[PDB]
$ cat work-v1.cif   # mmCIF, C-alpha atoms and all ligand atoms
data_model
#
loop_
_atom_site.group_PDB
_atom_site.id
_atom_site.type_symbol
_atom_site.label_atom_id
_atom_site.label_comp_id
_atom_site.auth_asym_id
_atom_site.auth_seq_id
_atom_site.Cartn_x
_atom_site.Cartn_y
_atom_site.Cartn_z
ATOM 1 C CA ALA A 1 7.304 -3.140 17.227
ATOM 2 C CA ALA A 2 3.561 -3.159 17.988
ATOM 3 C CA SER A 3 2.174 -5.239 20.851
ATOM 4 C CA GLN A 4 -0.969 -5.838 18.745
ATOM 5 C CA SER A 5 -1.343 -6.660 15.055
ATOM 6 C CA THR A 6 -5.145 -6.456 14.882
ATOM 7 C CA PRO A 7 -6.735 -4.535 17.728
ATOM 8 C CA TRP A 8 -10.201 -5.491 18.961
ATOM 9 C CA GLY A 9 -11.925 -2.944 16.769
ATOM 10 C CA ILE A 10 -10.098 -4.135 13.644
ATOM 11 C CA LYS A 11 -11.099 -7.724 14.441
ATOM 12 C CA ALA A 12 -14.627 -6.492 15.168
ATOM 13 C CA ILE A 13 -15.124 -4.609 11.938
ATOM 14 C CA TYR A 14 -13.457 -7.498 9.986
ATOM 15 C CA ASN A 15 -15.682 -9.933 11.936
ATOM 16 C CA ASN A 16 -12.856 -12.387 12.606
ATOM 17 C CA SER A 17 -11.595 -13.235 16.091
ATOM 18 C CA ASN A 18 -8.291 -14.604 14.786
ATOM 19 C CA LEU A 19 -7.480 -11.989 12.133
ATOM 20 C CA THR A 20 -3.700 -11.491 11.822
ATOM 21 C CA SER A 21 -3.648 -8.894 9.028
ATOM 22 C CA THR A 22 -5.899 -6.709 6.911
ATOM 23 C CA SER A 23 -6.223 -5.839 3.241
ATOM 24 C CA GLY A 24 -7.762 -3.562 0.671
ATOM 25 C CA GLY A 25 -8.336 0.104 -0.119
ATOM 26 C CA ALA A 26 -6.005 0.288 -3.121
ATOM 27 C CA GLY A 27 -6.308 3.516 -5.068
ATOM 28 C CA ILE A 28 -8.564 5.266 -2.564
ATOM 29 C CA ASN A 29 -7.291 8.320 -0.712
ATOM 30 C CA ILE A 30 -8.159 8.855 2.937
ATOM 31 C CA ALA A 31 -7.728 12.478 3.892
ATOM 32 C CA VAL A 32 -7.212 12.643 7.617
ATOM 33 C CA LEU A 33 -7.974 16.210 8.665
ATOM 34 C CA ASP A 34 -6.553 16.359 12.145
ATOM 35 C CA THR A 35 -3.476 17.298 14.261
ATOM 36 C CA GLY A 36 -1.168 16.008 11.506
ATOM 37 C CA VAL A 37 0.419 12.586 11.097
ATOM 38 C CA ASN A 38 3.856 11.226 11.811
ATOM 39 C CA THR A 39 4.683 10.299 8.203
ATOM 40 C CA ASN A 40 7.769 8.387 9.390
ATOM 41 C CA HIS A 41 5.776 6.021 11.581
ATOM 42 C CA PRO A 42 6.835 2.572 10.353
ATOM 43 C CA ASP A 43 3.228 1.408 10.073
ATOM 44 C CA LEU A 44 2.132 4.503 8.078
ATOM 45 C CA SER A 45 5.095 5.722 6.039
ATOM 46 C CA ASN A 46 4.529 3.536 3.019
ATOM 47 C CA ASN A 47 0.958 4.815 2.637
ATOM 48 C CA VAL A 48 1.858 8.502 2.881
ATOM 49 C CA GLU A 49 0.938 10.298 -0.341
ATOM 50 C CA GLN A 50 0.097 13.885 0.684
ATOM 51 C CA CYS A 51 1.266 15.857 3.691
ATOM 52 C CA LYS A 52 -0.042 19.436 3.908
ATOM 53 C CA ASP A 53 -0.338 21.896 6.783
ATOM 54 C CA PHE A 54 -3.353 24.242 6.780
ATOM 55 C CA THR A 55 -2.436 25.818 10.142
ATOM 56 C CA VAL A 56 0.612 27.716 8.895
ATOM 57 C CA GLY A 57 0.008 30.434 6.314
ATOM 58 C CA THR A 58 -2.699 30.369 3.808
ATOM 59 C CA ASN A 59 -3.553 28.340 2.069
ATOM 60 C CA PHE A 60 -1.245 25.550 3.220
ATOM 61 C CA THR A 61 2.417 24.608 3.496
ATOM 62 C CA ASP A 62 3.177 21.545 1.384
ATOM 63 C CA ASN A 63 5.374 18.638 2.472
ATOM 64 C CA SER A 64 4.551 19.427 6.091
ATOM 65 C CA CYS A 65 1.969 17.861 8.450
ATOM 66 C CA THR A 66 3.791 17.276 11.765
ATOM 67 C CA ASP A 67 1.807 15.685 14.555
ATOM 68 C CA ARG A 68 2.889 16.808 18.041
ATOM 69 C CA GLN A 69 -0.335 15.675 19.727
ATOM 70 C CA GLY A 70 -0.979 12.078 18.566
ATOM 71 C CA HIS A 71 -4.631 12.250 17.507
ATOM 72 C CA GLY A 72 -4.060 12.478 13.771
ATOM 73 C CA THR A 73 -1.489 9.684 13.833
ATOM 74 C CA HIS A 74 -3.852 7.501 15.925
ATOM 75 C CA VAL A 75 -6.756 8.118 13.577
ATOM 76 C CA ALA A 76 -4.644 7.469 10.480
ATOM 77 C CA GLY A 77 -3.501 4.161 11.988
ATOM 78 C CA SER A 78 -7.020 2.876 12.564
ATOM 79 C CA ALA A 79 -7.919 3.785 8.995
ATOM 80 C CA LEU A 80 -4.871 2.482 7.108
ATOM 81 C CA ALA A 81 -1.854 1.275 9.162
ATOM 82 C CA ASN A 82 -0.139 -1.409 7.062
ATOM 83 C CA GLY A 83 1.670 -3.541 9.656
ATOM 84 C CA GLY A 84 5.074 -2.074 8.743
ATOM 85 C CA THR A 85 7.501 -4.890 7.878
ATOM 86 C CA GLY A 86 5.011 -7.357 9.415
ATOM 87 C CA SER A 87 5.298 -6.759 13.185
ATOM 88 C CA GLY A 88 3.320 -3.518 13.359
ATOM 89 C CA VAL A 89 -0.329 -2.598 13.695
ATOM 90 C CA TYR A 90 -2.916 -2.961 10.916
ATOM 91 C CA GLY A 91 -5.785 -0.635 10.131
ATOM 92 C CA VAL A 92 -8.915 -1.302 8.186
ATOM 93 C CA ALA A 93 -7.676 -0.379 4.653
ATOM 94 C CA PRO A 94 -3.882 -0.899 4.657
ATOM 95 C CA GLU A 95 -3.574 -0.337 0.883
ATOM 96 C CA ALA A 96 -5.262 3.075 0.951
ATOM 97 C CA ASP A 97 -3.307 6.272 0.283
ATOM 98 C CA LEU A 98 -2.956 8.670 3.216
ATOM 99 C CA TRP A 99 -3.461 12.409 2.718
ATOM 100 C CA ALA A 100 -2.348 13.842 6.046
ATOM 101 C CA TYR A 101 -3.901 17.334 6.247
ATOM 102 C CA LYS A 102 -3.015 19.217 9.462
ATOM 103 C CA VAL A 103 -6.000 21.406 10.411
ATOM 104 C CA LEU A 104 -5.652 21.471 14.230
ATOM 105 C CA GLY A 105 -2.707 23.696 14.879
ATOM 106 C CA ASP A 106 -0.204 23.793 17.670
ATOM 107 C CA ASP A 107 -1.291 23.844 20.274
ATOM 108 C CA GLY A 108 -4.667 23.759 21.644
ATOM 109 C CA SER A 109 -6.003 23.261 18.081
ATOM 110 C CA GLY A 110 -8.518 24.108 15.378
ATOM 111 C CA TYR A 111 -9.730 27.194 13.550
ATOM 112 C CA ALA A 112 -12.793 26.774 11.353
ATOM 113 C CA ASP A 113 -11.167 28.513 8.408
ATOM 114 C CA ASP A 114 -8.215 26.086 8.381
ATOM 115 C CA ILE A 115 -10.533 23.077 8.498
ATOM 116 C CA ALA A 116 -12.732 24.574 5.783
ATOM 117 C CA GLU A 117 -9.724 25.299 3.543
ATOM 118 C CA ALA A 118 -8.567 21.702 3.918
ATOM 119 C CA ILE A 119 -11.995 20.259 3.127
ATOM 120 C CA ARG A 120 -12.193 22.397 0.004
ATOM 121 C CA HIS A 121 -8.641 21.471 -0.985
ATOM 122 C CA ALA A 122 -9.428 17.762 -0.690
ATOM 123 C CA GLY A 123 -12.404 18.293 -3.011
ATOM 124 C CA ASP A 124 -10.264 20.287 -5.455
ATOM 125 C CA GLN A 125 -7.682 17.487 -5.441
ATOM 126 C CA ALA A 126 -10.366 14.860 -6.040
ATOM 127 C CA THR A 127 -11.356 16.861 -9.126
ATOM 128 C CA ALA A 128 -7.861 17.765 -10.349
ATOM 129 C CA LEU A 129 -6.474 14.217 -9.996
ATOM 130 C CA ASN A 130 -9.747 12.520 -10.953
ATOM 131 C CA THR A 131 -9.394 10.392 -7.848
ATOM 132 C CA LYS A 132 -11.608 9.144 -5.022
ATOM 133 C CA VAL A 133 -11.278 10.781 -1.624
ATOM 134 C CA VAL A 134 -12.700 9.828 1.755
ATOM 135 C CA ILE A 135 -12.349 12.666 4.246
ATOM 136 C CA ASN A 136 -12.094 11.695 7.878
ATOM 137 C CA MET A 137 -12.869 14.439 10.435
ATOM 138 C CA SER A 138 -12.322 13.094 13.922
ATOM 139 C CA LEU A 139 -13.341 16.393 15.418
ATOM 140 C CA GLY A 140 -16.477 18.110 16.532
ATOM 141 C CA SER A 141 -18.109 21.051 18.206
ATOM 142 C CA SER A 142 -21.638 21.668 19.521
ATOM 143 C CA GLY A 143 -21.900 24.674 17.226
ATOM 144 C CA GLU A 144 -22.215 24.705 13.460
ATOM 145 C CA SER A 145 -19.568 26.721 11.616
ATOM 146 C CA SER A 146 -20.893 27.871 8.233
ATOM 147 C CA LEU A 147 -17.287 27.845 6.903
ATOM 148 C CA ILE A 148 -16.995 24.137 7.693
ATOM 149 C CA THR A 149 -20.556 23.310 6.622
ATOM 150 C CA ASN A 150 -20.171 25.042 3.251
ATOM 151 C CA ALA A 151 -16.812 23.347 2.686
ATOM 152 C CA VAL A 152 -18.378 19.937 3.441
ATOM 153 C CA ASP A 153 -21.168 20.593 0.979
ATOM 154 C CA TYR A 154 -18.669 21.802 -1.650
ATOM 155 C CA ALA A 155 -16.538 18.683 -1.308
ATOM 156 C CA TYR A 156 -19.538 16.329 -1.241
ATOM 157 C CA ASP A 157 -20.823 17.909 -4.459
ATOM 158 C CA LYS A 158 -17.372 17.196 -5.963
ATOM 159 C CA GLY A 159 -17.759 13.517 -5.091
ATOM 160 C CA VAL A 160 -15.815 13.359 -1.812
ATOM 161 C CA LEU A 161 -17.171 11.040 0.896
ATOM 162 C CA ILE A 162 -17.045 12.728 4.322
ATOM 163 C CA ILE A 163 -16.872 10.643 7.519
ATOM 164 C CA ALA A 164 -16.901 12.313 10.939
ATOM 165 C CA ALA A 165 -17.041 11.620 14.633
ATOM 166 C CA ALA A 166 -20.544 11.873 16.131
ATOM 167 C CA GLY A 167 -19.065 13.601 19.194
ATOM 168 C CA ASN A 168 -18.240 12.692 22.775
ATOM 169 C CA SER A 169 -21.114 14.540 24.531
ATOM 170 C CA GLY A 170 -23.419 11.579 25.126
ATOM 171 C CA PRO A 171 -25.392 9.799 26.230
ATOM 172 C CA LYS A 172 -28.220 12.326 26.225
ATOM 173 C CA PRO A 173 -30.430 12.666 23.146
ATOM 174 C CA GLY A 174 -29.602 15.477 20.766
ATOM 175 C CA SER A 175 -25.925 15.706 21.762
ATOM 176 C CA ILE A 176 -24.588 15.091 18.239
ATOM 177 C CA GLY A 177 -22.248 17.840 17.064
ATOM 178 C CA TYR A 178 -20.762 19.210 13.874
ATOM 179 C CA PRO A 179 -19.628 18.386 11.277
ATOM 180 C CA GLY A 180 -21.083 14.943 12.121
ATOM 181 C CA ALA A 181 -24.646 16.276 12.270
ATOM 182 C CA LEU A 182 -24.441 17.672 8.721
ATOM 183 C CA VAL A 183 -26.596 15.985 6.147
ATOM 184 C CA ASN A 184 -23.529 15.481 3.889
ATOM 185 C CA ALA A 185 -21.338 13.982 6.647
ATOM 186 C CA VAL A 186 -21.503 10.406 7.936
ATOM 187 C CA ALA A 187 -21.679 10.689 11.725
ATOM 188 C CA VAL A 188 -20.060 7.700 13.389
ATOM 189 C CA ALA A 189 -20.944 6.547 16.934
ATOM 190 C CA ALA A 190 -18.459 4.721 19.161
ATOM 191 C CA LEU A 191 -18.829 1.130 20.159
ATOM 192 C CA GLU A 192 -17.114 -0.445 23.153
ATOM 193 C CA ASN A 193 -15.842 -4.019 23.468
ATOM 194 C CA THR A 194 -18.915 -5.241 25.309
ATOM 195 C CA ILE A 195 -21.579 -7.536 23.919
ATOM 196 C CA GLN A 196 -25.043 -6.802 25.294
ATOM 197 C CA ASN A 197 -28.411 -7.840 23.828
ATOM 198 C CA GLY A 198 -26.355 -9.838 21.318
ATOM 199 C CA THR A 199 -24.488 -6.903 19.795
ATOM 200 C CA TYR A 200 -21.637 -4.575 20.532
ATOM 201 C CA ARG A 201 -22.727 -1.797 22.881
ATOM 202 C CA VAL A 202 -22.641 1.946 22.144
ATOM 203 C CA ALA A 203 -20.368 3.718 24.602
ATOM 204 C CA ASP A 204 -22.164 6.068 27.014
ATOM 205 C CA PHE A 205 -19.921 8.984 25.897
ATOM 206 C CA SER A 206 -20.938 8.749 22.266
ATOM 207 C CA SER A 207 -23.133 11.670 21.113
ATOM 208 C CA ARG A 208 -26.738 10.746 20.325
ATOM 209 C CA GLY A 209 -28.876 11.983 17.486
ATOM 210 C CA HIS A 210 -32.297 13.629 17.790
ATOM 211 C CA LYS A 211 -35.451 11.670 18.590
ATOM 212 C CA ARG A 212 -37.761 13.402 16.104
ATOM 213 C CA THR A 213 -35.823 12.295 12.988
ATOM 214 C CA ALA A 214 -34.743 8.832 14.132
ATOM 215 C CA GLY A 215 -36.117 5.402 13.192
ATOM 216 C CA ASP A 216 -36.699 6.043 9.466
ATOM 217 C CA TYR A 217 -33.456 4.719 7.927
ATOM 218 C CA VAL A 218 -33.106 8.055 6.123
ATOM 219 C CA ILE A 219 -30.394 10.529 7.141
ATOM 220 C CA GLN A 220 -31.385 14.073 7.975
ATOM 221 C CA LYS A 221 -29.349 16.780 9.663
ATOM 222 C CA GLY A 222 -28.872 15.658 13.278
ATOM 223 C CA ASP A 223 -28.853 11.881 12.732
ATOM 224 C CA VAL A 224 -26.198 9.411 13.795
ATOM 225 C CA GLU A 225 -25.544 7.193 10.759
ATOM 226 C CA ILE A 226 -23.418 4.183 11.636
ATOM 227 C CA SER A 227 -21.411 2.770 14.545
ATOM 228 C CA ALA A 228 -17.820 1.543 14.766
ATOM 229 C CA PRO A 229 -15.264 0.630 17.439
ATOM 230 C CA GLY A 230 -14.235 3.685 19.471
ATOM 231 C CA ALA A 231 -13.467 2.737 23.085
ATOM 232 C CA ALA A 232 -10.025 1.479 24.170
ATOM 233 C CA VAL A 233 -8.602 1.611 20.628
ATOM 234 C CA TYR A 234 -4.896 0.821 20.224
ATOM 235 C CA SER A 235 -3.232 2.514 17.278
ATOM 236 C CA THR A 236 -0.179 4.411 16.088
ATOM 237 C CA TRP A 237 1.052 7.534 17.950
ATOM 238 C CA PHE A 238 2.943 10.647 16.937
ATOM 239 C CA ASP A 239 6.174 9.499 18.614
ATOM 240 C CA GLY A 240 6.511 6.459 16.325
ATOM 241 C CA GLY A 241 5.064 4.229 19.001
ATOM 242 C CA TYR A 242 1.490 3.421 19.969
ATOM 243 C CA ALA A 243 -1.331 4.521 22.259
ATOM 244 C CA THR A 244 -4.711 3.394 23.462
ATOM 245 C CA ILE A 245 -7.529 5.959 23.688
ATOM 246 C CA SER A 246 -11.331 6.260 23.444
ATOM 247 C CA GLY A 247 -13.536 8.602 21.439
ATOM 248 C CA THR A 248 -15.889 8.862 18.506
ATOM 249 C CA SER A 249 -12.638 10.151 16.932
ATOM 250 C CA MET A 250 -11.482 6.517 17.046
ATOM 251 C CA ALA A 251 -14.717 5.185 15.505
ATOM 252 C CA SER A 252 -14.700 7.533 12.543
ATOM 253 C CA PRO A 253 -11.480 6.145 10.961
ATOM 254 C CA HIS A 254 -12.729 2.574 11.278
ATOM 255 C CA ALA A 255 -15.641 3.650 9.085
ATOM 256 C CA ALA A 256 -13.440 5.756 6.767
ATOM 257 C CA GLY A 257 -11.153 2.751 6.298
ATOM 258 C CA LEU A 258 -14.133 0.504 5.619
ATOM 259 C CA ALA A 259 -15.450 3.037 3.095
ATOM 260 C CA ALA A 260 -12.077 2.968 1.309
ATOM 261 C CA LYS A 261 -11.983 -0.838 1.329
ATOM 262 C CA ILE A 262 -15.475 -0.854 -0.209
ATOM 263 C CA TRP A 263 -14.662 1.884 -2.732
ATOM 264 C CA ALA A 264 -11.488 0.156 -3.968
ATOM 265 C CA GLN A 265 -13.593 -2.803 -5.134
ATOM 266 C CA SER A 266 -15.953 -0.460 -7.050
ATOM 267 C CA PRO A 267 -13.634 2.411 -8.066
ATOM 268 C CA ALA A 268 -16.164 4.099 -10.414
ATOM 269 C CA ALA A 269 -18.899 4.234 -7.722
ATOM 270 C CA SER A 270 -19.818 7.727 -6.447
ATOM 271 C CA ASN A 271 -19.548 8.921 -2.857
ATOM 272 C CA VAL A 272 -23.332 8.528 -2.662
ATOM 273 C CA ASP A 273 -23.089 4.868 -3.778
ATOM 274 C CA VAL A 274 -20.424 4.031 -1.200
ATOM 275 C CA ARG A 275 -22.346 5.866 1.519
ATOM 276 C CA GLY A 276 -25.392 3.808 0.575
ATOM 277 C CA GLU A 277 -23.363 0.616 0.849
ATOM 278 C CA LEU A 278 -22.213 1.628 4.353
ATOM 279 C CA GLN A 279 -25.847 2.279 5.279
ATOM 280 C CA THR A 280 -26.943 -1.098 3.906
ATOM 281 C CA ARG A 281 -24.167 -2.969 5.654
ATOM 282 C CA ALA A 282 -24.896 -1.184 8.951
ATOM 283 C CA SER A 283 -28.620 -1.963 8.672
ATOM 284 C CA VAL A 284 -27.995 -5.742 8.632
ATOM 285 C CA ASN A 285 -25.962 -5.387 11.838
ATOM 286 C CA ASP A 286 -28.561 -3.623 13.955
ATOM 287 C CA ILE A 287 -26.985 -2.400 17.193
ATOM 288 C CA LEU A 288 -29.238 -3.165 20.140
ATOM 289 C CA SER A 289 -27.391 -2.038 23.255
ATOM 290 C CA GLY A 290 -26.290 1.197 24.856
ATOM 291 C CA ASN A 291 -28.388 4.068 26.168
ATOM 292 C CA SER A 292 -31.236 4.768 23.703
ATOM 293 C CA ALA A 293 -30.175 1.883 21.457
ATOM 294 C CA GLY A 294 -32.856 -0.545 20.347
ATOM 295 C CA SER A 295 -34.395 -2.322 17.419
ATOM 296 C CA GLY A 296 -33.884 -0.550 14.133
ATOM 297 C CA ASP A 297 -32.484 2.872 13.364
ATOM 298 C CA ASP A 298 -31.814 4.618 16.710
ATOM 299 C CA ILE A 299 -30.193 7.774 18.052
ATOM 300 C CA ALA A 300 -27.341 5.889 19.750
ATOM 301 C CA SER A 301 -26.090 3.815 16.850
ATOM 302 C CA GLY A 302 -27.879 5.011 13.699
ATOM 303 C CA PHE A 303 -28.515 2.139 11.250
ATOM 304 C CA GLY A 304 -25.999 -0.197 12.892
ATOM 305 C CA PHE A 305 -22.433 -1.450 12.580
ATOM 306 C CA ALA A 306 -21.136 -1.713 8.989
ATOM 307 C CA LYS A 307 -18.602 -4.530 8.696
ATOM 308 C CA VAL A 308 -16.384 -6.229 6.119
ATOM 309 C CA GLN A 309 -18.400 -9.471 6.326
HETATM 310 CA CA CA A 401 -3.703 8.322 -4.366
HETATM 311 CA CA CA A 402 -5.199 30.131 9.028
HETATM 312 CA CA CA A 403 -33.589 10.053 10.047
HETATM 313 CA CA CA A 404 -30.570 -0.337 16.589
HETATM 314 NA NA NA A 405 -24.448 13.581 9.334
#

$ encode --input "work-v1.cif" --output "structure tokens" --more "lines below"
Ligand SMILES: [Ca+2]
Ligand SMILES: [Ca+2]
Ligand SMILES: [Ca+2]
Ligand SMILES: [Ca+2]
Ligand code: NA
Amino acid sequence: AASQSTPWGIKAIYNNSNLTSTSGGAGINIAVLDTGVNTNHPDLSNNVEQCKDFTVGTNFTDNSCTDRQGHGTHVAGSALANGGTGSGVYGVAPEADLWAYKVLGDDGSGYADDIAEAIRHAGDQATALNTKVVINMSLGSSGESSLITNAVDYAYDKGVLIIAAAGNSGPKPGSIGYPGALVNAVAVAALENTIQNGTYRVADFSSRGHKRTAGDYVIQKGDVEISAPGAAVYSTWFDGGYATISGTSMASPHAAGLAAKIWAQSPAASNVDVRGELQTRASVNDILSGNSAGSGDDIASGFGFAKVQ
């Protein structure tokens, strides 16, 4: 079984120190584009809906999404782990549907064309099934791939909400990477379990946005958008057990899970509506600590820390 039911970041985003379980996300699909997912993990299996591998062949191999690294399983767990039979770990939106899309191939990892194909496929599925999709991309690079960018824009136009890691190249200004830095991706900064200046603190490793476009509460290319728990995050692992790691990769699925929880309560809302709700929620929880964090919209934390309550 798990040694934690509700990890610190789950409790933090739920804003409840004694939380024993989570809820919500019904009907919303979280597409975790990553190293795959262990679809037999007891705390994930019941939420598995799609399992597709974009690293073998084109376009993809169906009914296949094996994680041999752990990242994708970890990320999926933060987003939507369901506690198993009651003794396992819980993620933010335990009633969401998991679409495990393997885009980081064994081993080493990820070609831009595989990632782009998966982003487009998620958009095509949103359209074909008339269903709501939140993409999570817990991945990043300093360089902008036009294949990935164009795929993001394509999916966003089709109504898909795209959440991504800000990157782990902080704390210096302008360290945000891609796809996080795209105007149609929600870049998520990583918080650590430290309260400073009254708020959770942005981790030093978390990539910062650019000074010239910050402070306006309007997202341009290069802006960090919201913050979520990303340091020392316990979650599911590819072996059917658990692991504790740190990264903006860990923050992203907290936000993707929250987005799904929000969306499930307004299922006819657009991606733009749900994104706006995340922005609003973040803005009332202004993050005030971490390098370059301060009052208002800043390059460390964007608008703030969107929560359940
Ligand atoms: Ca579904
Ligand atoms: Ca390929
Ligand atoms: Ca801005
Ligand atoms: Ca702030
Ligand atoms: Na962005």

$ closest_residue --input "work-v1.cif" --among "A:204, A:298, A:117, A:144" --to "residue 191 of chain A" --atoms "only C-alpha atoms"
A:204

$ residues_near_ligand --input "work-v1.cif" --ligand "ligand CA 401 (chain A)" --cutoff "10 Å" --atoms "all atoms listed in the file" --output "PDB file with C-alpha atoms, in the coordinates of the input"
ATOM      1  CA  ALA A  26      -6.005   0.288  -3.121  1.00  0.00           C
ATOM      2  CA  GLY A  27      -6.308   3.516  -5.068  1.00  0.00           C
ATOM      3  CA  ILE A  28      -8.564   5.266  -2.564  1.00  0.00           C
ATOM      4  CA  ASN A  29      -7.291   8.320  -0.712  1.00  0.00           C
ATOM      5  CA  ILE A  30      -8.159   8.855   2.937  1.00  0.00           C
ATOM      6  CA  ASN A  47       0.958   4.815   2.637  1.00  0.00           C
ATOM      7  CA  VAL A  48       1.858   8.502   2.881  1.00  0.00           C
ATOM      8  CA  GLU A  49       0.938  10.298  -0.341  1.00  0.00           C
ATOM      9  CA  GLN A  50       0.097  13.885   0.684  1.00  0.00           C
ATOM     10  CA  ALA A  96      -5.262   3.075   0.951  1.00  0.00           C
ATOM     11  CA  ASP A  97      -3.307   6.272   0.283  1.00  0.00           C
ATOM     12  CA  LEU A  98      -2.956   8.670   3.216  1.00  0.00           C
ATOM     13  CA  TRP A  99      -3.461  12.409   2.718  1.00  0.00           C
ATOM     14  CA  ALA A 126     -10.366  14.860  -6.040  1.00  0.00           C
ATOM     15  CA  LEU A 129      -6.474  14.217  -9.996  1.00  0.00           C
ATOM     16  CA  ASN A 130      -9.747  12.520 -10.953  1.00  0.00           C
ATOM     17  CA  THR A 131      -9.394  10.392  -7.848  1.00  0.00           C
ATOM     18  CA  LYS A 132     -11.608   9.144  -5.022  1.00  0.00           C
ATOM     19  CA  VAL A 133     -11.278  10.781  -1.624  1.00  0.00           C
TER      20      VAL A 133
END

$ residues_around --input "work-v1.cif" --residues "residue 148 of chain A" --least-positions-apart "3" --cutoff "10 Å" --atoms "all atoms listed in the file" --output "PDB file with C-alpha atoms, in the frame of the given file"
ATOM      1  CA  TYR A 111      -9.730  27.194  13.550  1.00  0.00           C
ATOM      2  CA  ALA A 112     -12.793  26.774  11.353  1.00  0.00           C
ATOM      3  CA  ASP A 113     -11.167  28.513   8.408  1.00  0.00           C
ATOM      4  CA  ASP A 114      -8.215  26.086   8.381  1.00  0.00           C
ATOM      5  CA  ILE A 115     -10.533  23.077   8.498  1.00  0.00           C
ATOM      6  CA  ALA A 116     -12.732  24.574   5.783  1.00  0.00           C
ATOM      7  CA  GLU A 117      -9.724  25.299   3.543  1.00  0.00           C
ATOM      8  CA  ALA A 118      -8.567  21.702   3.918  1.00  0.00           C
ATOM      9  CA  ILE A 119     -11.995  20.259   3.127  1.00  0.00           C
ATOM     10  CA  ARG A 120     -12.193  22.397   0.004  1.00  0.00           C
ATOM     11  CA  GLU A 144     -22.215  24.705  13.460  1.00  0.00           C
ATOM     12  CA  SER A 145     -19.568  26.721  11.616  1.00  0.00           C
ATOM     13  CA  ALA A 151     -16.812  23.347   2.686  1.00  0.00           C
ATOM     14  CA  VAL A 152     -18.378  19.937   3.441  1.00  0.00           C
ATOM     15  CA  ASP A 153     -21.168  20.593   0.979  1.00  0.00           C
ATOM     16  CA  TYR A 154     -18.669  21.802  -1.650  1.00  0.00           C
ATOM     17  CA  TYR A 178     -20.762  19.210  13.874  1.00  0.00           C
ATOM     18  CA  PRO A 179     -19.628  18.386  11.277  1.00  0.00           C
ATOM     19  CA  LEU A 182     -24.441  17.672   8.721  1.00  0.00           C
TER      20      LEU A 182
END

$ closest_atom_pairs --input "work-v1.cif" --of "chain A" --to "ligand NA 405 (chain A)" --cutoff "10 Å" --atoms "only C-alpha atoms and all ligand atoms" --output "Markdown table"
| residue | atom | partner | partner_atom | distance |
| --- | --- | --- | --- | --- |
| A:162 | CA | A:NA405 | NA | 9.0 |
| A:163 | CA | A:NA405 | NA | 8.3 |
| A:164 | CA | A:NA405 | NA | 7.8 |
| A:165 | CA | A:NA405 | NA | 9.3 |
| A:166 | CA | A:NA405 | NA | 8.0 |
| A:176 | CA | A:NA405 | NA | 9.0 |
| A:177 | CA | A:NA405 | NA | 9.1 |
| A:178 | CA | A:NA405 | NA | 8.1 |
| A:179 | CA | A:NA405 | NA | 7.1 |
| A:180 | CA | A:NA405 | NA | 4.6 |
| A:181 | CA | A:NA405 | NA | 4.0 |
| A:182 | CA | A:NA405 | NA | 4.1 |
| A:183 | CA | A:NA405 | NA | 4.5 |
| A:184 | CA | A:NA405 | NA | 5.8 |
| A:185 | CA | A:NA405 | NA | 4.1 |
| A:186 | CA | A:NA405 | NA | 4.6 |
| A:187 | CA | A:NA405 | NA | 4.7 |
| A:188 | CA | A:NA405 | NA | 8.4 |
| A:209 | CA | A:NA405 | NA | 9.4 |
| A:219 | CA | A:NA405 | NA | 7.0 |
| A:220 | CA | A:NA405 | NA | 7.1 |
| A:221 | CA | A:NA405 | NA | 5.9 |
| A:222 | CA | A:NA405 | NA | 6.3 |
| A:223 | CA | A:NA405 | NA | 5.8 |
| A:224 | CA | A:NA405 | NA | 6.4 |
| A:225 | CA | A:NA405 | NA | 6.6 |
| A:226 | CA | A:NA405 | NA | 9.7 |

$ atom_distance --input "work-v1.cif" --atom1 "atom CA of residue 22 of chain A" --atom2 "atom CA of residue 161 of chain A"
21.9 Å

$ resolve_selection --input "work-v1.cif" --expression "the PyMOL selection byres (((not hetatm)) within 7 of (chain A and resi 402))" --output "ChimeraX atom specification"
/A:54-58,113-114

$ residues_near_ligand --input "work-v1.cif" --ligand "ligand CA 404 (chain A)" --cutoff "6 Å" --atoms "all atoms listed in the file" --output "ChimeraX atom specification"
/A:286-288,293-298,304

$ closest_residue --input "work-v1.cif" --among "A:215, A:267, A:7, A:241" --to "ligand CA 403 (chain A)" --atoms "all atoms listed in the file"
A:215

$ closest_residue --input "work-v1.cif" --among "A:285, A:11, A:45, A:214" --to "ligand CA 403 (chain A)" --atoms "only C-alpha atoms and all ligand atoms"
A:214

$ resolve_selection --input "work-v1.cif" --expression "the PyMOL selection byres (((chain A and resi 65) around 6) and not hetatm)" --output "tab-separated table (two decimals) with C-alpha atoms, in the frame of the given file"
chain	number	residue	atom	x	y	z
A	36	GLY	CA	-1.17	16.01	11.51
A	51	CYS	CA	1.27	15.86	3.69
A	52	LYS	CA	-0.04	19.44	3.91
A	53	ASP	CA	-0.34	21.90	6.78
A	64	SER	CA	4.55	19.43	6.09
A	66	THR	CA	3.79	17.28	11.76
A	102	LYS	CA	-3.02	19.22	9.46

$ closest_residue --input "work-v1.cif" --among "A:265, A:6, A:252, A:213" --to "ligand CA 403 (chain A)" --atoms "all atoms listed in the file"
A:213

$ residues_around --input "work-v1.cif" --residues "residue 159 of chain A" --least-positions-apart "3" --cutoff "7 Å" --atoms "only C-alpha atoms" --output "PyMOL selection string"
chain A and resi 155-156+270-271

$ write_last_selection --input "work-v1.cif" --atoms "C-alpha atoms" --output "PDB file, keeping the file's coordinate frame"
ATOM      1  CA  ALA A 155     -16.538  18.683  -1.308  1.00  0.00           C
ATOM      2  CA  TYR A 156     -19.538  16.329  -1.241  1.00  0.00           C
ATOM      3  CA  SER A 270     -19.818   7.727  -6.447  1.00  0.00           C
ATOM      4  CA  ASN A 271     -19.548   8.921  -2.857  1.00  0.00           C
TER       5      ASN A 271
END
